[PDB]
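Colleague: sequence? don't have it. structure:
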Ligand SMILES: *[C@H](C)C1/C(=C/c2[nH]c(/C=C3N=C(/C=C4\NC(=O)C(CC)=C4C)C(C)=C\3CCC(=O)O)c(CCC(=O)O)c2C)NC(=O)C1C
Ligand SMILES: *[C@H](C)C1/C(=C/c2[nH]c(/C=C3N=C(/C=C4\NC(=O)C(CC)=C4C)C(C)=C\3CCC(=O)O)c(CCC(=O)O)c2C)NC(=O)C1C
Ligand SMILES: *[C@H](C)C1/C(=C/c2[nH]c(/C=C3N=C(/C=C4\NC(=O)C(CC)=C4C)C(C)=C\3CCC(=O)O)c(CCC(=O)O)c2C)NC(=O)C1C
Ligand SMILES: *[C@H](C)[C@H]1/C(=C/c2[nH]c(/C=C3N=C(/C=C4/NC(=O)C(CC)=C4C)C(C)=C\3CCC(=O)O)c(CCC(=O)O)c2C)NC(=O)[C@@H]1C
Ligand SMILES: *[C@H](C)[C@H]1/C(=C/c2[nH]c(/C=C3N=C(/C=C4/NC(=O)C(CC)=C4C)C(C)=C\3CCC(=O)O)c(CCC(=O)O)c2C)NC(=O)[C@@H]1C
Ligand SMILES: *[C@H](C)[C@H]1/C(=C/c2[nH]c(/C=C3N=C(/C=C4/NC(=O)C(CC)=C4C)C(C)=C\3CCC(=O)O)c(CCC(=O)O)c2C)NC(=O)[C@@H]1C
Ligand SMILES: *[C@H](C)[C@H]1/C(=C/c2[nH]c(/C=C3N=C(/C=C4\NC(=O)C(CC)=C4C)C(C)=C\3CCC(=O)O)c(CCC(=O)O)c2C)NC(=O)[C@@H]1C
Ligand SMILES: *[C@H](C)[C@H]1/C(=C/c2[nH]c(/C=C3N=C(/C=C4\NC(=O)C(CC)=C4C)C(C)=C\3CCC(=O)O)c(CCC(=O)O)c2C)NC(=O)[C@@H]1C
Ligand SMILES: *[C@H](C)[C@H]1/C(=C/c2[nH]c(/C=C3N=C(/C=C4\NC(=O)C(CC)=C4C)C(C)=C\3CCC(=O)O)c(CCC(=O)O)c2C)NC(=O)[C@@H]1C
């Protein structure tokens, strides 16, 4: 998919040559920030399923109608709530993959590609997810560079969702 | 082939959507004139083979050389006359198909497509056919809208033949 | 490959027609000079292998370093000399083919196509071959039109080699 | 591409004979119920989005494995590509009801659709189930008593059913 | 694409040896009768239209089913497409007589012509009959005593015959 | 196209579960030796031309028939096309050492390379011999003690060897 290593290779294959000094540095500098990304994906691994229920509750208080209205595509029934915690988890799960890969590759192919065509065709709304996604961005409470990597990809999903 | 129904479908498939209100009317108005077209194709069904011999004689009097000259591609011999009544019938037979289809589809694919490349390569002349085709246009003697449909497609073959 | 006959056919197939009067003359005039070309290819057939050793010695005196330096891609060793007489022969052998064909077809596909990409990738130098190829151009000593045909294709290889 | 009329004309030319009286009457019947035929084509066009959405919802409710992490239809990329495909089938079914012929669907759609889904790893028996549900709805919508002149647009439903069934079989 | 000369050159290079004396004399014979060879190539070019027209006329007179309502070659669309094809074969036959080689015809024309006609439903044995008639004429025209210097352009007719026969076999 | 990391991520998504702790540590090891991995990728890039030139020289010295009048690789046209191909294999081997994954080579290069050489009449067992020699050199160059910080870039050589061996097998 998309990653600075896989990307730098593609931009070299097009030229029909090896990697340039300008690219060698881009890949060399990738491994330098790699440790922070892996530690970020390690944080989601543990308390990642927990943020799912936490964010699922946040969205209910932001938008009360999601848990009271009819039953076509809302979290009114207990069955629909299980899908809300599920959907939020898929976001957090994919975001951690971006930290391991060091690029927005996972989000690009997994959640972003085909985002709108699906949501705005099944009645689902972006505002529900963005709201519960902004929640995690604040409550995850990571350190420094580990929090930097996590946020760069948490907010990215928010940009595509808007 | 070519028909207002098949045509309206194609112009909708290109847009990657269903039929528009502007097209729905075109197909809806097709069925309105459909009864006249079928009754026209019914006229050819009966006294259609008769117009063949009638038109075959007309062309001989218009162009005397078609039945007196050599035997390469003329109606001089009795064998060549059988082909003249045959060729005229193919025109009338196809024209009736245009009435059933409600479009110049049959003529377009059957007689028009490849008309010249063949005729002007085997020695045959358009003037022979146009002459015997104008004959039918007058002598068929149909009613009103039944005659309208028949003529719209009889004269069409004359346009392509010229 | 490339020959006035094969060429005139291609330029006619593109037009989707037969040969024009302007082309018919080009092919008709080919056979007129054909006898000189065949007699030229007959000269190489006999004393052609002899010019190989003769030209192989010429290049050694022009460039002394070719037979004294290291052993990567030079004619220093007796083994490398056998390859020098071989390489020169391939040139003379192909040039005679141009005389039979009446065109630079053989040289174009056999030696010219891919010339540089190979030579300047294996350490070989054009100057070595051009030098030993100019030798033959003078020492072959052919008659008139037989010498004309031979030279037209001997110098052609020199143009591509430069 | 061929329609209900152009197809009989093609059958008449293959024998070098005019369209018989009994054939003129056959197509004459097609024109007589054109109004009903158009209403069918128009009710599916309108309720297009609903039909494919519910057909998708019921299909994921019947086969949750396929649309989950591991299944062939996971990811927003594939999720939207499944709805889109059902939408395609419905569009050509509608085209066929208009033409009174199944050629447009057979060529433009069904042609190599069986090998396509196969070369991509799509269940096929899942797509067919999506079409069978998309059918139940199409019949209920296209044959609603309210808002239309009362009558018996019967042979249209049978034909509508033959188009859906034809499409589902062509993939499973 | 290859010609009578370029083909022997290709055979000489495959062994890494010059063109032998006996081979220089062989092509020398080809040049000696070039005038006759060109006259052959020129008489077919001129009488091109006649040959394919009569070949078509005789072929429909021998197989009337094929060119009638029902047969594969009916409709002005297909009628003109049959003449055109015969014209193609004749054009490449002429190309071959010029080159003294059958490569141009084998690649540009005969290559996949057997599968083509097959995938379209063309009799094949009808096309071959069209070429065999197109041959009878070509030989009569290209070998007429009037208007040309008297001689024996024999081996040209035999070669001309091998080209036509080669083309007809490649489709039937 | 996939790399050492993106491949494990793909394996984690197929089960709908995060990247386990033991997997985080695995890739953690890949980053720890990245400096050595890059030096490998950089020493092959520099000595690229030498490796494929000597691999060609030794291959013609081992199989003189193939590169002579008659053999598949004769003519400047084919002579330069052989070097170029070896160069291709080496380029993608280098790409793989960078990515820590063999996908780029499998898709962009090895994909249909076995059928290609086959449909052209290339020995295949000759190309594989060109890669095995191109390997001997690559290991000697990429693993030279001079000019680099001393250590044990061992698992890189084993991996480098698996890439070359993978390429050679994919053609023979
Ligand atoms: C939680 C914010 C709320 C809840 C949302 C909700 N979503 C669905 C249905 C689906 N959710 C997804 C999600 C994904 N599938 C993917 O592949 C990806 C990318 C990796 C995502 C994000 C999908 C595909 C569906 C459709 C299939 C399904 O039915 O599960 C529902 C169920 C309602 C329905 O069936 O239409 C709900 C309830 N609802 C809310 O109101 C929330 C606040
Ligand atoms: C009558 C106006 C006169 C007569 C005409 C004539 N035509 C031919 C030969 C052919 N006629 C056709 C006609 C068609 N074939 C088709 O598929 C279609 C479209 C559906 C048409 C109109 C064809 C194909 C031929 C060639 C095959 C054949 O030989 O039948 C002839 C015979 C002469 C010949 O063989 O070249 C004649 C005599 N001739 C006149 O002078 C007329 C006034
Ligand atoms: C003679 C001028 C001198 C000698 C030249 C030299 N060449 C090589 C190696 C090769 N020569 C060729 C030549 C051709 N192959 C072809 O297909 C064609 C076109 C038909 C040509 C001209 C090739 C392909 C090679 C490479 C294969 C091989 O090794 O033989 C060598 C050997 C050195 C080496 O292996 O790199 C030499 C010595 N050297 C001189 O210094 C000359 C003056
Ligand atoms: C079958 C699904 C149901 C049914 C239909 C039915 N339809 C008619 C007649 C008409 N249908 C018309 C539809 C169109 N097409 C247009 O483009 C358009 C825009 C103005 C309209 C309204 C139409 C105009 C008519 C004629 C006028 C009318 O509405 O009556 C009929 C009556 C018989 C007939 O063929 O005319 C029926 C019965 N009847 C059912 O029972 C099914 C529920
Ligand atoms: C074999 C089909 C018949 C035959 C032919 C024949 N042809 C020649 C010699 C010539 N042919 C010429 C033809 C061309 N080519 C042109 O581009 C062109 C334009 C000016 C012409 C006229 C040609 C110029 C000659 C030479 C002069 C001449 O006409 O004699 C010959 C004579 C032998 C020879 O090879 O020269 C023959 C015999 N002879 C037959 O018996 C066949 C009927
Ligand atoms: C294995 C083939 C050999 C080996 C290599 C080795 N490499 C290092 C560490 C570094 N490699 C660097 C390479 C790069 N990459 C660049 O883009 C670049 C441009 C400035 C350079 C110089 C690099 C910068 C380092 C760190 C600094 C340094 O040179 O030491 C090491 C040391 C261990 C480590 O991983 O850092 C080794 C041992 N060691 C061997 O024994 C093999 C011969
Ligand atoms: C949804 C009901 C099921 C499903 C569908 C699905 N489709 C694709 C991708 C493709 N579908 C087609 C088929 C067509 N292309 C067309 O243009 C037409 C009509 C003219 C049809 C019928 C094609 C060609 C593709 C590939 C190209 C593309 O993406 O458009 C996929 C993705 C397969 C994958 O593994 O990536 C899927 C999943 N999947 C299901 O689970 C449902 C049963
Ligand atoms: C006439 C002797 C017979 C006949 C011929 C026929 N041909 C077609 C259509 C095609 N013919 C070809 C073949 C070629 N295309 C080329 O470019 C060349 C030379 C380079 C050849 C030999 C092709 C490709 C087609 C299809 C595309 C096209 O129309 O040009 C047809 C029509 C088939 C149909 O059923 O529509 C026919 C009938 N038919 C006969 O009955 C004669 C025996
Ligand atoms: C040299 C080690 C051996 C050899 C090679 C050889 N290659 C060709 C021609 C082709 N090689 C390829 C393969 C590729 N194309 C690509 O783009 C890539 C990477 C993306 C590969 C691997 C292709 C497609 C061709 C044909 C098109 C072209 O010329 O580029 C030849 C010529 C075959 C012929 O008979 O003309 C040869 C000979 N030949 C040897 O003897 C060595 C063993």
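Modeller: Yep, that arrived. Numbering: from 1, shown residues only, chains lettered A, B, ... in the order given. Ligands and ions are numbered 1, 2, ... in the order given.

Colleague: all contacts plus neighbour counts: C-alpha atoms, from now on.
Modeller: Will do.

Colleague: Quick test: name the residue nearest the centre of chain A.
Modeller: For chain A, residue A:95 is the residue whose C-alpha lies nearest the centre (Cα atoms, centre = their mean; 3.1 Å).

Colleague: Quick check: the gap between that one and ligand 6.
Modeller: Residue A:95 is 28 Å from ligand 6, where distance means Cα to the nearest ligand atom, to the nearest Å.

Colleague: in which helix or strand would I find that residue?
Modeller: Applying DSSP states H and E as the criterion places residue A:95 in helix A:78-101.

Colleague: Against which helices or strands is that helix packed?
Modeller: Under the contact definition 3 or more Cα pairs under 8 Å, 6 or more residues apart in numbering or on different chains; DSSP states H and E, helix A:78-101 sits against helix A:30-46, helix A:49-62, helix A:105-107, helix A:126-139, helix A:145-161, helix F:4-13.

Colleague: what's the spacing between residue D:167 and ligand 7?
Modeller: From residue D:167 to ligand 7 the distance is 10 Å (Cα to the nearest ligand atom).

Colleague: about what we covered before: report the spatially nearest residue to the residue nearest to the centre of chain A, omitting neighbours in sequence.
Modeller: Take residue A:95 and drop its neighbours on the chain: the residue closest to it by Cα to Cα, 6 or more residues apart in numbering or on different chains is residue A:153, 5.9 Å away.

Colleague: Let me see the contact set for residue A:129.
Modeller: A:59, A:88 (Cα atoms under 8 Å, 6 or more residues apart in numbering or on different chains).

Colleague: Verify the contact between residue D:20 and residue B:45 for me.
Modeller: Yes - with contact defined as Cα atoms under 8 Å, residue D:20 reaches residue B:45; the gap is 6.8 Å.

Colleague: out of these two, which sits in the busier spot?
Modeller: Taking other Cα atoms under 10 Å in any protein chain shown, residue D:20 and residue B:45 do not tie; residue B:45 has more neighbours (19 against 14).

Colleague: Can you get me a residue count around the spatially closest residue to that one that is not a sequence neighbour?
Modeller: Spatially, and ignoring its direct neighbours in sequence, residue B:45 is nearest to residue D:18 (5.6 Å; Cα to Cα, 6+ apart). Counted by other Cα under 10 Å, the residues lying close to residue D:18 total 25.

Colleague: Let's verify residue D:18: helix, strand, or coil?
Modeller: coil (DSSP: H, G, I helix; E, B strand; the rest coil).

Colleague: Contact partners for it?
Modeller: By Cα under 8 Å, 6+ apart, the residues touching residue D:18 are B:44, B:45, B:93, B:96, B:97, D:12.

Colleague: Dump the residues you listed into a markdown table; add distance to residue D:159 as well.
Modeller: Output for those, formatted as a markdown table (distance: Cα to Cα, whole Å):
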| residue | distance to residue D:159 |
| --- | --- |
| B:44 | 31 |
| B:45 | 29 |
| B:93 | 30 |
| B:96 | 28 |
| B:97 | 25 |
| D:12 | 23 |
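
Colleague: Would you list the phi and psi of the residue nearest to residue B:45?
Modeller: When read as degrees, to the nearest 10, the backbone of residue D:18 gives phi -60, psi 170.

Colleague: can you pull the buried residues of the helix holding residue A:95?
Modeller: By 16 or more other Cα atoms under 10 Å in any protein chain shown, the buried positions in helix A:78-101 come out as A:80-81, A:84-85, A:88-101.

Colleague: Ok, stretch A:2-15 next?
Modeller: By 16+ other Cα under 10 Å, the buried positions in stretch A:2-15 come out as A:2, A:3, A:4, A:5, A:6, A:7, A:8, A:9, A:10, A:13.

Colleague: coming back round to it: touching, the residue nearest to residue A:95 and residue A:101? I think so.
Modeller: No - in this structure residue A:153 lies outside contact range of residue A:101 using Cα under 8 Å: 11.2 Å.

Colleague: If you compare the directions of the helix or strand hosting residue D:90 and helix D:4-13, what angle comes out?
Modeller: Using DSSP H and E, residue D:90 sits in helix D:76-99. Our comparison of helix D:76-99 with helix D:4-13, counting by axes from the mean of the first three to the mean of the last three Cα atoms, to 10 degrees, yields an angle of 60 degrees.

Colleague: Tell me the gap between helix D:76-99 and the middle of its chain.
Modeller: On the basis of Cα atoms, centre = their mean, to the nearest Å, helix D:76-99 sits 9 Å off its chain's mean C-alpha point.

Colleague: and it, anywhere near chain F?
Modeller: No - against chain F, helix D:76-99 shows no contacts by Cα under 8 Å from any Cα of the partner chain, the least distance being 13.4 Å.
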